[PDB]
């Protein structure tokens, strides 16, 4: 029968795959713990040996009909094998695609933005632009770095990205999925029985719903932050419009954590920082991880293995070892678990250590499963199991019975609101950001957004969904979404959305098992064997079950509830409402920081609509912007005796309509921040309005300027 054929087929695949990736994991661990060029080769060799074998076994598994197989666990193993990692593409269109992906990664990693008054001080993203967008309170400086990182690097990705979705669709369609988005959303597609199956389109419907339930709590946080940012940017933020996209604490606005010094509810009271107590008490790396190991075993989980202690890299080394050390939790295989992290004696790295070991604990539980099922239920389970541990440990109660907090320390409600907000800027501020991004990409892979509408539609959803407005208008030469690491490196982004919901579902569930009374953010799972057994039962199944069921036997619901999240934030939600009584809640989609200084133009409809002889296109827009620059050039020379060399690059068109109307403003040539005031631009146009109507053959009722 065709089940035995696949049962023995997987038996052999398992016997070879296990060691083929372990030698691959070893080869990449040798590199990450000692960067060299020998290790880059020893890595790529084992990676190729693994990929080639995975292709071979995905083809040989393709001709195993899933219809006639009456066992479910072996069904899922074949599914992973057939779905992923096949060839469906020609050798030329595959080579072409690989070059596009490396180019996008290299450009993002090596790109830099130079200064306006010193072009030799060019600055990379890490750590140069990261540090600016995360700490600067200078509007113009952040605007330079924001716009500069979208014109010098983003524009380079627009042609590469356009070709990248085409080859991804052409590949995804060959896997018999609708789009590349359809191929991404397959990870949530389960099979369930004793019940109805979760489908790929059901993920989109549940994600739209969850956002609409987050919109209230976000609108109030968005409104409170807006009112606070008004104190430090008085004349740049409208109290009812959107938020400038370059003032959100980083380059993109993915998190608002770096806005806490400007939005702290009660600044006079600092947030709890344990670092000084750890230092004075003489803590080291070992003490941090042993205290994390003690925490997990206090929840009836297993302690680490001496293979983890004797082989992992807990600290940056001696003797000039170049190490990529950004915290990761390696399940190399064959029961070999390690953690690579340049841990320091801080509270941040103290929580991160519990997060990493949280990944290892997940890895150890499902190690008993077959190789293809050794993974989280869906792509959001791992990084949520990681963060739930970080939640309970960061609490004042836990630090109290650790020796890092005085027993005479009090927890008043003023600091609780400080903590809740510090969490919300990170956890809740990212949810609309994460949601519109994946939505935009889903819509691009489906084809619902033509390439000539990409940036038009991209920022419409920014003002509508996230309520943030671009500081300068971007036409379709930009590729602003690709300015993010995840977009330009072909990684999913909904996994950060779903993990956040699953995180607090887990949290609210385990705090009920642990009989925790009081507010949810003060919970702690330590020393609860009841709560740890149910956790290990979910971690042990791995990927061998419907994630709906796997989630059902922890939180008692088959579905994805954002309830626990809003329940976790009710203390801040009811505080924000009382703090928003005197300001506006919501945003104005049409406002922009460049709007009032712009000038509305009305293209003449020389014939009704669609008569395309006239009815201007991209090339006429260049001629119009160059004609405006001339008028500005001529004006300053004839009225101020100044040689200011404007160009088409200094005329910014917004509110574009399909050859009907648009706005435009002007900036100083090498300084995007300084906008030429509107009355002066109006005068510069009057002086040469006869010269601009001639070139387009219009007669001053056809070409109008609304003022």
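Residue numbers count along the first chain shown, from 1.
When the two stretches 191-199 and 165-173 are set side by side, the higher mean Cα temperature factor goes to 191-199. In this crystal structure, the stretch out of 550-558 and 143-151 whose C-alpha atoms carry the higher mean B factor is 550-558.
Comparing the listed residues 413, 470, 383, 475, the entry records the largest Cα B-factor for 413. Remark: residue 614 belongs to the highest third of its chain, ranked by C-alpha B-factor as recorded. Among the modelled residues of the chain, residue 599 sits in the highest third by CA temperature factor in this PDB entry. Ranked within its chain, residue 108 lands in the lowest third, by CA B factor from the PDB record.
For residue 231, the recorded CA temperature factor ranks within the middle third of the chain's modelled residues. When the CA B factors of the chain's modelled residues are split into thirds, the value for residue 241 lands in the highest one.
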